[PDB]
Amino acid sequence: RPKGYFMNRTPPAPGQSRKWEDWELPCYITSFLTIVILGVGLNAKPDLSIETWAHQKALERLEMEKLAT
Amino acid sequence: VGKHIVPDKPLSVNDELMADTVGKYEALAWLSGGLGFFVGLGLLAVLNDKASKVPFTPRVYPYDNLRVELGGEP
Amino acid sequence: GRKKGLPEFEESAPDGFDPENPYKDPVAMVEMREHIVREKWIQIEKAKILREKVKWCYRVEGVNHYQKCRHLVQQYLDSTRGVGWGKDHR
Amino acid sequence: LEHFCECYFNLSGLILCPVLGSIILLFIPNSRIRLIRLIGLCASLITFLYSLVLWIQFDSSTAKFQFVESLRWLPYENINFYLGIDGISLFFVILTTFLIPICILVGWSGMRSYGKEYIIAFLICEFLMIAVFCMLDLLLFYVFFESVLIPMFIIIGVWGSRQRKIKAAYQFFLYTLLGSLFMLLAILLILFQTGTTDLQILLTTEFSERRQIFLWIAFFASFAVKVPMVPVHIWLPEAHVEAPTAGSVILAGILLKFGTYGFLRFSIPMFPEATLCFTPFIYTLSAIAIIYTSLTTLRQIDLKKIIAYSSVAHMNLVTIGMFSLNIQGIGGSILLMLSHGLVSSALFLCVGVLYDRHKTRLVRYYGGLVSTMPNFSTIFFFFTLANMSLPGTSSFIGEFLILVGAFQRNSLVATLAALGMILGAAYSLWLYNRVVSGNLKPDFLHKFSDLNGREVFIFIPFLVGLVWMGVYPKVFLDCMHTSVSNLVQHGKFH
Amino acid sequence: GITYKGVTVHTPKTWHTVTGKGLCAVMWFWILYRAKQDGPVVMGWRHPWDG
Amino acid sequence: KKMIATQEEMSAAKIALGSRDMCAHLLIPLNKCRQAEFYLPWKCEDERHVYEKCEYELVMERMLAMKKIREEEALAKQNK
Amino acid sequence: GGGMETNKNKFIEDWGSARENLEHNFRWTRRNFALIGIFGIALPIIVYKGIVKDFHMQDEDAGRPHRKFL
Amino acid sequence: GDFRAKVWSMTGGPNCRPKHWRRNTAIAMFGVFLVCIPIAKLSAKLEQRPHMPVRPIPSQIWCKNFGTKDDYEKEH
């Protein structure tokens with residue numbers, strides 16, 4: 001077995017399971033929501049950045065002034 | 001390692017921060033002499049004027065010394 | 001709710017702006033500032049596209065880039081002078 | 001004129017959340033520790049999630065204040081007030097909502113002796129701070145900022161560690177009050193001209209050059225005590241060191257940002273001519289502070305005094321970038337603000353871990369902790385690197401983008417500011433090696449414990465935050481550029 | 001190993017002696033050969049295009 | 001020695017700008033095998049030797065040219 | 001023997017408390033007049049003039065009159 | 001030493017000799033090869049070779065981005 005214990009907690013009695021402290025469940029649920037709200041939300045929101053708009057506008061103005069003269 | 005020394009006397013103010021045989025300003029005097037060697041040789045290179053003693057002419061390249069190939073106006 | 005698509009803005013400068021007196025029409029002064037920002041961003045992206053051409057010209061032409069990319073370099077350098085908010089005013 | 005927003009998620013509910021938490025806790029018996037703790041933690045977490053949703057519905061194309069909503073004060077409707085955010089303030093709200101639950105989690109083990117008074121104070125701080133970040137009025141900004149002094153005073157004085165907390169809290173309250181009073185004088189000066197204190201209006205009113213200079217000096221005095229700027233920076237060391245760990249986290253991660261945010265929200269846009277005339281003056285004070293306070297940090301012997309002294313150097317780099325008045329300067333200044341609010345808080349968290357076990361802040365007592373606390377040592381080293389603006393970390397992104405912005409305006413200030421790289425690395429590595437490296441000193445310390453499960457979880461969002469902004473800062477820069485661009489263009493028409 | 005008033009020096013292993021001898025020998029043969037072909041050229045007596 | 005390799009031919013052989021001298025014509029077949037023979041020193045010895053003979057004569061000519069110039073500075077000096 | 005708290009050292013703690021109370025020992029000596037004169041007034045002024053001159057040189061480099069400041 | 005046996009570290013600590021280190025090592029080798037799979041496909045999709053090589057190369061099999069940047073006036 002390894003030396004020491006992960007995060008310095010003694011293992012529970014054999015056959016039993018560790019008791020979760022009160023903060024663990026609300027923090028773990030929020031962490032999952034934080035990943036889903038940002039991982040899916042940021043990728044699903046429209047790309048309304050000014051750079052994206054101006055890049056399209058720059059392509060057409062360069063097109064209109066090159067095709068014309 | 002073996003035993004860290006617990007202070008038994010009042011600590012000095014510059015204790016958080018605290019070259020044996022040669023003094024401070026003497027070391028600077030010696031080092032300036034060494035840097036004076038580099039300066040002296042540089043002056044000899046000035047007086048040697050190896051630029052005035054080149055045994056070949058400068059290269060002359062074709063097509064206007066590569067004017068167009070070097071980014072000059074066609 | 002917002003409709004799907006890219007943002008749309010008026011292409012022309014707001015009528016009602018007076019260059020001699022900008023603190024006269026409050027609404028136009030604001031829409032004019034927004035218009036100028038959008039126009040400057042078009043120039044920045046204009047130069048950025050010109051920068052990409054120079055990049056791949058250098059990569060494709062190798063040691064023949066000085067004679068072959070001469071024109072693209074000139075265009076790109078001209079666009080970066082008086083671009084964005086850097087070392088040139090206007 | 002009612003400006004109520006159509007969005008379901010708005011600023012009002014985010015404001016109300018911690019208020020509701022505080023009102024609920026006042027009535028719960030102190031005998032019910034488990035319930036008090038869970039109520040506070042859940043309220044703070046819900047607020048953080050709400051702020052993330054506010055981020056989701058953000059428009060990065062507009063320069064107009066978003067989610068704008070109004071609240072009436074009188075039935076005469078002469079004085080009406082507005083709430084709204086933009087690309088400049090959104091991330092500060094999200095940071096406030098992220099840091100408050102951390103503060104509740106830090107004192108989890110001692111909440112038997114803290115009580116509801118500890119959770120209530122931090123929730124009230126959260127509510128006031130979000131309000132301050134969400135205001136479109138000079139007057140409400142003053143009230144809510146001046147109001148944050150009472151809970152911070154209580155937090156420092158009651159849960160501070162030693163009797164030096166008395167002097168520290170006194171100095172904090174008095175310095176901040178002086179600055180706020182100067183701001184109040186400026187707000188009344190503006191009101192006498194305009195008849196109103198509405199940001200959207202004063203952005204459209206021209207101020208005379210002489211009055212621009214005078215209004216700038218009164219706004220400067222207020223903001224420069226909170227930056228902090230030399231020589232009114234000396235309250236910060238005592239205040240940040242003597243405070244409890246969560247108190248230090250709030251003080252350095254959020255409260256320090258109010259002055260630089262006040263420069264970006266009010267002083268810079270409203271007085272564009274005054275801003276230009278004072279840029280060399282700002283550059284001198286900022287550059288002196290970076291060089292002087294970094295050398296002072298080198299010779300500090302207290303763990304918390306070193307970390308707190310480091311913030312003064314970082315905030316004065318932020319002022320340099322924001323007064324460069326270009327995209328790289330202002331965008332870099334905001335990014336360093338948020339990154340500092342993460343790195344400084346985590347570093348205060350690392351020292352708090354050590355002080356909770358050993359009850360000493362003197363560097364000489366520690367040493368050789370790598371052999372007894374390797375997990376703490378690894379986490380301490382990462383945040384030590386992030387404090388040196390190492391590429392890959394979030395703080396490098398803000399630091400370099402500011403140096404780019406400063407270089408295009410004044411090469412000399414960029415060179416003096418870049419000396420922060422040499423000095424910042426010197427004390428950061430010296431601190432890390434004197435604490436973690438070397439041999440143990442069993443005469444001083446012979447009993448150790450690495451980080452527990454709660455301490456490990458506390459650091460994880462900090463580690464993810466710095467790496468995320470460090471390698472892919474585009475998610476932040478995308479949502480800021482339109483507001484940043486319109487801030488730089490304000491006042492000129494060519 | 002061979003002992004001489006207390007000090008003992010163990011004999012090096014066979015492939016360590018062989019490899020050391022061989023690799024240096026290849027180097028000597030390399031130098032004598034390259035001196036055969038380029039010694040005249042670098043000494044300036046002749047030119048690579050002479051013939 | 002007159003230019004034999006035109007600008008297009010040197011541009012087509014991607015010749016380094018420093019090697020567009022008067023022996024550009026003998027460099028093209030030398031570089032063509034160098035890529036073909038993996039730049040091995042014991043290959044292209046024939047193509048290498050013709051090219052090196054060129055670049056040596058060009059230097060000698062420019063050495064002879066400077067000798068005449070050196071012999072003219074002394075003429076001015078003794079006629080001072 | 002017991003307890004995680006550090007075993008305080010009177011000389012280390014006296015060293016520590018001396019640092020926190022440095023303003024009590026400040027006497028206007030000749031050394032302090034010079035240090036405050038050189039590094040509290042003179043050096044900030046020199047830096048400010050170098051920064052302003054940097055702008056002015058940019059002004060003449062661009063064919064524009066010197067920018068007024070302060 | 002003595003107390004280091006009660007200290008947990010990710011790197012294993014001094015004199016780490018796990019009993020099943022071979023099966024652990026091979027499980028690590030299978031994992032890294034698995035992670036090397038998506039990296040290769042992304043690299044082959046992202047590689048850009050403006051010039052056709054003088055001879056066929058291993059990458060002319062898994063990569064299809066050869067001689068495609070010739071019209072650099074159209075780059076945007």
# chains A, B, ... in the order shown; residues from 1 in each chain; ligands from 1
call {"tool": "residues_around", "arguments": {"residues": "range 26-38 of chain F", "least_positions_apart": "4", "cutoff": "7 Å", "atoms": "only C-alpha atoms", "output": "PyMOL selection string"}}
result
chain F and resi 13+43-44+47-48+51
call {"tool": "write_last_selection", "arguments": {"atoms": "N, CA, C and O atoms", "output": "tab-separated table (two decimals), in the first residue's frame"}}
result
chain	number	residue	atom	x	y	z
F	13	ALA	N	15.46	27.86	-59.15
F	13	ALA	CA	16.30	26.95	-58.34
F	13	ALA	C	16.37	27.44	-56.89
F	13	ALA	O	17.23	26.92	-56.16
F	43	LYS	N	29.43	12.27	-52.43
F	43	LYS	CA	28.71	12.33	-53.70
F	43	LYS	C	28.87	13.72	-54.30
F	43	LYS	O	29.39	14.64	-53.67
F	44	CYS	N	28.41	13.85	-55.55
F	44	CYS	CA	28.51	15.10	-56.31
F	44	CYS	C	29.90	15.71	-56.28
F	44	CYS	O	30.04	16.94	-56.36
F	47	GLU	N	30.40	17.62	-59.61
F	47	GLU	CA	29.66	18.88	-59.70
F	47	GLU	C	30.17	19.88	-58.67
F	47	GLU	O	30.10	21.10	-58.88
F	48	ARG	N	30.66	19.39	-57.53
F	48	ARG	CA	31.19	20.28	-56.51
F	48	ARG	C	32.50	20.91	-56.96
F	48	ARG	O	32.77	22.08	-56.67
F	51	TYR	N	32.12	23.78	-59.52
F	51	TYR	CA	31.60	24.98	-58.87
F	51	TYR	C	32.67	25.63	-58.00
F	51	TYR	O	32.83	26.86	-58.02
call {"tool": "interface_residues", "arguments": {"of": "chain C", "to": "chain F", "cutoff": "9 Å", "atoms": "only C-alpha atoms", "output": "PyMOL selection string"}}
result
chain C and resi 61-64
call {"tool": "atom_distance", "arguments": {"atom1": "CA of residue 92 in chain D", "atom2": "CA of residue 173 in chain D"}}
result
23.0 Å
call {"tool": "closest_atom_pairs", "arguments": {"of": "chain D", "to": "chain A", "cutoff": "9 Å", "atoms": "only C-alpha atoms", "output": "CSV"}}
result
residue,atom,partner,partner_atom,distance
D:34,CA,A:22,CA,7.9
D:37,CA,A:23,CA,8.6
D:38,CA,A:23,CA,7.3
D:41,CA,A:23,CA,7.8
D:42,CA,A:26,CA,6.8
D:45,CA,A:30,CA,6.8
D:46,CA,A:30,CA,8.3
D:48,CA,A:30,CA,8.9
D:49,CA,A:34,CA,7.0
D:52,CA,A:37,CA,7.4
D:53,CA,A:37,CA,7.4
D:55,CA,A:42,CA,8.8
D:56,CA,A:41,CA,6.1
D:57,CA,A:45,CA,7.6
D:58,CA,A:45,CA,8.7
D:59,CA,A:48,CA,6.6
D:60,CA,A:49,CA,5.0
D:61,CA,A:48,CA,5.2
D:62,CA,A:50,CA,8.4
D:105,CA,A:23,CA,8.0
D:108,CA,A:23,CA,8.6
D:375,CA,A:7,CA,8.4
D:449,CA,A:8,CA,7.1
D:450,CA,A:8,CA,6.6
D:451,CA,A:7,CA,5.9
D:452,CA,A:7,CA,4.8
D:453,CA,A:7,CA,5.8
D:454,CA,A:24,CA,8.1
D:456,CA,A:7,CA,7.8
D:457,CA,A:27,CA,8.7
D:461,CA,A:31,CA,8.8
D:475,CA,A:42,CA,8.3
D:478,CA,A:49,CA,5.7
D:479,CA,A:49,CA,6.8
D:480,CA,A:49,CA,8.9
D:481,CA,A:50,CA,7.3
D:482,CA,A:50,CA,6.3
